[PDB]
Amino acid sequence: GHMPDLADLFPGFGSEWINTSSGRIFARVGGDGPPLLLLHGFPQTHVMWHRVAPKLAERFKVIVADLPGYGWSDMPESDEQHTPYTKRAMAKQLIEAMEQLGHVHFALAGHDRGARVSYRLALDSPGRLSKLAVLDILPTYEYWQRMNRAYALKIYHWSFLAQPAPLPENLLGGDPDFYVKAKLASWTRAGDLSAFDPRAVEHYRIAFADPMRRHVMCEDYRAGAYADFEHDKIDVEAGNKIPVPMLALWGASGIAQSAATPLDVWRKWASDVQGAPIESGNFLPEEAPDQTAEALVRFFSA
């Protein structure tokens, strides 16, 4: 990396800044074997995979990428439809990045926003994927269809971060550290920062400290309220299901299971899906790294 103060949490992994038509994608790359792309979510960066990626690199060529606009990836300028931060566009961008590495058919695991990229990739371009894992999510459509008083109060940030700019940007800009740290803690099982490595927390904090990075996060959530929802609605209403073998993992105290039975939801969206809970909040790869690594290795190796 180019930031002198931040830890290297993937000892021995290389790196890559991969050009695409929407901007560079930063990734750490390690291991050997079949290619496996790992995609983080909010308010994190690729480093969230640091306690799973080395175990996966014993079996796979692991590509640990910052999402478009996140971490050290470039931040394309957005537009009125939030286009570069839609899951459709991110998926296209990451497909281009993987081609740069010679990977036209690969395995994919995503967490949170990255899981949203991942299932959208599978809907739009299933030929790209051998197998898919989604961690800690339901489809975006399913979150919004669950909207009611209880869900609006229990899971407020979808609507808040989606408000027109500059509302969330101004609110987040006064004390960004307090907001990101409280979010990271709130969504864990225990409600504190103990599940995270402090060095990883520093990566998350430093990213969140940049106004441009916060803007991207809000654009991601705007897309999540608008285009992403629309795209998902088209698929569900058409009865399109992902044909790619799929794994759904979620924390037992996470967001996805708030008011759903996640495997039943996924079966509506995918024709060959398996899945299981793990005792954890919303940050499976950090909260439950050994169980998450095992479940992924077993799924992708089968």
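So that there is no doubt, residue numbering starts at 1 and follows the sequence shown.
Mean CA B-factor, 2-10 versus 293-301: the higher value falls on 2-10. Relative to its counterpart among 91-99 and 165-173, 165-173 has the higher mean temperature factor, C-alpha atoms as listed in the PDB entry. Note on 28, 59, 40, 233: the highest value goes to 59, judged by CA B factor as recorded. Among 219, 124, 80, 74, the highest C-alpha B-factor in the deposited entry belongs to 80.
In the PDB entry, a CA B factor belonging to the highest third of its chain's modelled residues is recorded for residue 198. For residue 190, the recorded CA B-factor ranks within the highest third of the chain. Only modelled residues enter the ranking. Per the deposited record, the Cα B-factor of residue 63 falls in the lowest third when ranked against the other modelled residues of its chain. Residue 277: CA B factor lies in the middle third for its chain, per the PDB record. Among all modelled residues in its chain, residue 183 ranks in the highest third by Cα B-factor.
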